[PDB]
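Trainee: The structure follows.
Computed from the coordinates by the stated procedures, all read-outs in this text should not be read as laboratory data. Because the Cβ atoms are built from the backbone with ideal geometry, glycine has one as well, and the counts that use them run over all protein chains shown.
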């Protein structure tokens, strides 16, 4: 959906549901549970667009625009206005489409579950990090779609409940040690400084600005303004695909592909240490997510009582990212050696795969007799659990719930 957009990459499901492993013979879906980031959104801040528009107007007045740069003003003005019409930090039309597709595929993959929910009039729970905003709108996209395609589900979907410890832990007391670490840990601070100071950023930044402005205009800027304006333009280019329903502004005209690749690698390195697996031997960035992993188990274990058909949770990237690191999900299984800083060559973690827009984890719970199995989807790709968890049969992506409990340390056996 985009090459260098890191955590702003629009969502796409990573597997076709027709190719999931089929449920083992005799097993039927009895419960499902989800945690999803909000869908594609506008940027949270507009000051970068304004910095660029102010520099553009100055260069225009000085006759210091390139040929392509003549159209930068009108393009950025249009893009800014479309962002403001949606609202900063708000869901876009593409975000709505993303969540609708997720709801469609949930229903298509678990038809027997939704049939059972309707026979038994079983409620569907909705849980949010916050009462209003992009998280609440994301939930409504999903639940409205369930009710549009299957109208009998609409009365069963409960009014949302807010649970900030479960779905907003980086901002609650659960995140106090984490926030203190980011603010005060010297190894962390020195590592971030090394990333910000990597040789190459100045060249990538001047390359970006020279698409719009004559070289002399760029050399006349103070170097701090150069890096700030280039960062702002890279960021606006990176999130433009989120606004695909609202327009196509061809912002790549102004960000050379190699420079976008460079800035993406810097953003991913910063995020790896701030939010992701971080340093070998430390769980400071992700222990706080244990409440959410716990809740996946708690809801699955409660499925034997059958009082809930599904549990749908909506949150931010900063909750999904540490959950993936805590569970050692693919891409999040390699912490960094303190003696070798993260790079794309030495680590598989990427914002685009760990935390795209609408990043989501789902567990489907299947039953035969008294046996309960779990199948896990990550960005809608069916994935194994960490390797000390043993599948139901060799090569299976289905796992006994009691085996998952054991391999995650919740029970002895």
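Trainee: Could you please let me know if residue 296 is surrounded by 18 or more Cβ atoms within 10 Å (Cβ to Cβ), in contact with a strand residue (DSSP E or B) (Cβ under 7 Å, 6 or more places away or on another chain) and not in a helix (DSSP H, G or I)?
Mentor: Judged against the criteria, residue 296 is not a match.
Trainee: Of the residues 217, 213, which single one is crowded, with 24+ Cβ neighbours inside 10 Å, touching a helix residue (DSSP H, G or I) at 6+ places or on another chain (Cβ under 6 Å), in contact (Cβ under 8 Å) with a residue 24 or more places away in the chain and over 30 Å from residue 322 (Cα atoms)?
Mentor: So the residue among 217, 213 that is crowded, with 24+ Cβ neighbours inside 10 Å, touching a helix residue (DSSP H, G or I) at 6+ places or on another chain (Cβ under 6 Å), in contact (Cβ under 8 Å) with a residue 24 or more places away in the chain and over 30 Å from residue 322 (Cα atoms) is 213.
Trainee: Looking at the range 369-390, which of its residues are in contact with a helix residue (DSSP H, G or I) (Cβ under 8 Å, 6 or more places away or on another chain) and not in a strand (DSSP E or B)?
Mentor: Within the range 369-390, 379, 380, 385, 386, 388, 389, 390 meet the criteria.
Trainee: Now, a different point. Report yes if some residue within the range 340-350 is over 30 Å from residue 141 (Cα atoms), buried (at least 19 other Cβ atoms within 10 Å of the Cβ) and within 19 Å of the chain's Cα centre (by Cα); otherwise report no.
Mentor: Yes - at least one qualifying residue is present in the range 340-350.
Trainee: Within the range 363-374, which residues are within 19 Å of residue 13 (Cα to Cα) and surrounded by 24 or more Cβ atoms within 10 Å (Cβ to Cβ)?
Mentor: 364
Trainee: Out of (1) within 26 Å of the chain's Cα centre (by Cα); (2) without any contact (Cβ under 8 Å) to a residue 60 or more places away in the chain, the odd one out for residue 203 is which?
Mentor: (1)
Trainee: Here is a further query. Which is in a strand (DSSP E or B) and either over 17 Å from the mean Cα position of the chain (by Cα) or within 20 Å of residue 405 (Cβ to Cβ) (or both), of 361, 323?
Mentor: So the residue among 361, 323 that is in a strand (DSSP E or B) and either over 17 Å from the mean Cα position of the chain (by Cα) or within 20 Å of residue 405 (Cβ to Cβ) (or both) is 361.
Trainee: Which residues, counting only those in the range 211-253, are outside any helix (DSSP H, G or I) and closer than 27 Å to residue 96 by Cβ?
Mentor: Residues satisfying the conditions are 244, 245, 246, 247, 248, 249, 250.
Trainee: Run down 274, 307 and say which single residue is closer than 30 Å to residue 50 by Cβ and surrounded by fewer than 23 Cβ atoms within 10 Å (Cβ to Cβ).
Mentor: None of the other options fit; the residue is 274.
Trainee: Among the helices (runs of 4 or more DSSP H) confined wholly to the range 62-179, which include 3 or more residues that are touching a residue at least 24 places away in the same chain (Cβ under 8 Å) and surrounded by fewer than 21 Cβ atoms within 10 Å (Cβ to Cβ)?
Mentor: 72-86, 93-109, 111-120, 134-149
Trainee: State all residues of the range 6-52 that are touching a helix residue (DSSP H, G or I) at 6+ places or on another chain (Cβ under 9 Å), in a helix (DSSP H, G or I) and surrounded by fewer than 16 Cβ atoms within 10 Å (Cβ to Cβ); if no residue qualifies, say none.
Mentor: Scanning the range 6-52 gives 17, 47, 50.
Trainee: Could you list all residues from the range 326-338 that are surrounded by fewer than 24 Cβ atoms within 10 Å (Cβ to Cβ) and part of a loop (DSSP other than H, G, I, E, B)?
Mentor: Listed by number, the residues that qualify are 328, 329, 330, 331, 333, 334, 335, 337, 338.
Trainee: Right, residue 110: closer than 30 Å to residue 255 by Cα and touching a strand residue (DSSP E or B) at 6+ places or on another chain (Cβ under 9 Å) or not?
Mentor: Taking the combined requirement at face value, the residue does not satisfy it.
Trainee: How do the pairs read when you match residues in the range 378-395 that are farther than 15 Å from residue 363 by Cα with residues anywhere that are surrounded by fewer than 14 Cβ atoms within 10 Å (Cβ to Cβ), using Cβ under 9 Å and keeping only pairs 6 or more apart or on different chains?
Mentor: 395/21
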